[PDB]
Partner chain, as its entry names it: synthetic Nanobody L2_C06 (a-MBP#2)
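Just one chain is shown here, as C-alpha cells, and it is the form solved without the partner chain.
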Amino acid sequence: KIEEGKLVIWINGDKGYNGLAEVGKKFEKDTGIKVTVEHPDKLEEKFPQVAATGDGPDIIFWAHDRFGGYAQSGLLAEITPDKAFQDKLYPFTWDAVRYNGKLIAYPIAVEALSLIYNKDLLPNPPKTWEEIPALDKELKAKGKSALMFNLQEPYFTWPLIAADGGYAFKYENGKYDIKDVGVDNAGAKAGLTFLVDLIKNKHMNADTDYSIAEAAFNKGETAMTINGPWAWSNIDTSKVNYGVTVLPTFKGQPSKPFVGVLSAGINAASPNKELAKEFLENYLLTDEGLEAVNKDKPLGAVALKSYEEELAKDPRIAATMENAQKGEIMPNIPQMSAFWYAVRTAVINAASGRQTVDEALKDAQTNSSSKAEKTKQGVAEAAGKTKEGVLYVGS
C-alpha cells in the first residue's frame, strides 16, 4: 500500500524535480514528514495502472489533460481548497482542473510551446512554416539545419496540425462531442502533410526525438527547435544565443499549440490527503516554493498570481503566453488519452512512411471517436462449466 505519514511525488523528468525536492526537504524539516520526489519514465501510463490497485504516488504532476480520465476512473481525489486559497490562482487555471463540477487537482503552471531559435545562425526567424525548406537548404550549405524537434510525441506537431483547422473534439451546446473529431479534416491533413513533406525532402528526420533535437539545438547544429519553458534551462547552460518567439504560421494562420496546465493531483487511495494538501497549498504554491522549482526548470506562466506578476516580465514568458493565446487549453475529458494515442500513432506512421497521411489520419479519426485475480476467477468459472452435470474432466 501507499505509506502513511510520508509523501511520494511523481513528476516528469523534463521538469524541475530537483527544485521540487528542495521544497519537499523544507516541508520535512518543518513538519517531520518525509517527501520523496521521483520521475519515472512514462509516469502518465504507469499511474493509472498502479493507482488502480491503490498503489502509486501520493501526488502526481502532469498536464491537466490526463486528469479527467484519472478522476473518472476513481484515481484522483477531489481537493478541498478554501475560497481564500482559490483566490490566489487564476480562475482559468482552476477551470482546467474542474471535472464533473469538482476540483480534481491543484493548477501549477501554464505551458505552451514556442519557437526557439539560434540568433547567431538565424537573427530573423521565419514567420511562416512555408519558408523553412528554403532556409534549410541555405543552412545545409553551411553544415547546419533549419529545424529539429521531437517527432515522437504528437504534442509538438499538434500546433501545425491545428493551424489550418485541425481539432480534437468539437465543443458545442455546453460539452465536447466525442463523435465530432477534427483530426482528419482538410486542415489537419494539410498540416501533417507539410511535416511529412519536410521529411521526404530531407529537411527533417522521422526518428528525431526529444533528446536528439535538444542535443542538436544546444550544440548549435540546428537553427531552431520547438519546445516548452522547461527546456530553457539547458539552453542557458549551452550558451547558445537563443530567442523564444511566436511559432510560424501555416497557410497564413497561427500555429495553435494545445496548452497544458501542469497540475498536481492527489491519489484517491492516499492515506495522506491532508499532508498533500498542506504541502501543495502552503509550501509549493507560494512564491518561494514555485521559485525553487522554476530556478531548476522554468514552469512557464504560473497559476499563482503573486509570482506570475514577476514572471510576466520575462519576454520568454510573454512569447509563451502569445502562443498560448493563439492555441487552445486542452480538454480534460477522459477521451483525451484515446485522442493522443491515436494522433501519436498517425504522426509516427506518416512521418516514417509506414502509412500515408490520409490513411493514418483516417485511423486516428476512428480511434479518437471510439469511446475509451479477476483473471484467475474468470478462468475458474470457465473450468467449472466443463464439470457441470455428468460432465467429467479428462478423457
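Numbering follows the first chain given and starts at 1.
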query: Deposited-sequence gap flanked by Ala372 and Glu373; finding: 4 to 9
query: Which of 12-20 and 383-391 has higher mean CA B factor, as the PDB entry lists it; finding: 383-391
query: Higher-B stretch (mean Cα B-factor, as the entry records it), 41-49 or 355-363; finding: 41-49
query: Which of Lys313, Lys277, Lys119, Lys219 ranks first by CA B-factor in the deposited coordinates; finding: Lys313
query: Member of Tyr283, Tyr242, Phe149, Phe169 with the greatest C-alpha B factor (per the PDB record); finding: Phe169
query: For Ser270, the third of its chain into which the C-alpha B factor falls; finding: lowest
query: CA B-factor ranking of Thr345, expressed as a third of its chain; finding: middle
query: Where the record places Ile329 (Cα B-factor, split into thirds across the chain); finding: highest
query: Chain thirds of CA B-factor: placement of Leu198; finding: middle
query: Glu322 - which third its CA temperature factor falls in, relative to the rest of the chain; finding: middle
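Just so it is clear, the following notes concern the form solved in complex with the partner chain, a form of the same protein that is not shown.
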query: Interface residues of 145-171 toward the partner chain, as seen in the entry with it bound [heavy atoms, 4.5 Å]; finding: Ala163, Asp164, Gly165
query: Comparing forms between the shown form and the other one, the hinge position between rigid parts, one of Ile59, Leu151, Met224, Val110; finding: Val110
query: Note on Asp87-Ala319 C-alpha separation in the entry with it bound, which departs from the shown form by 3 angstroms or more; finding: closer
query: Cα distance between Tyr70 and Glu153, which in the entry with it bound differs by 3 Å or more from this form, closer or farther; finding: farther
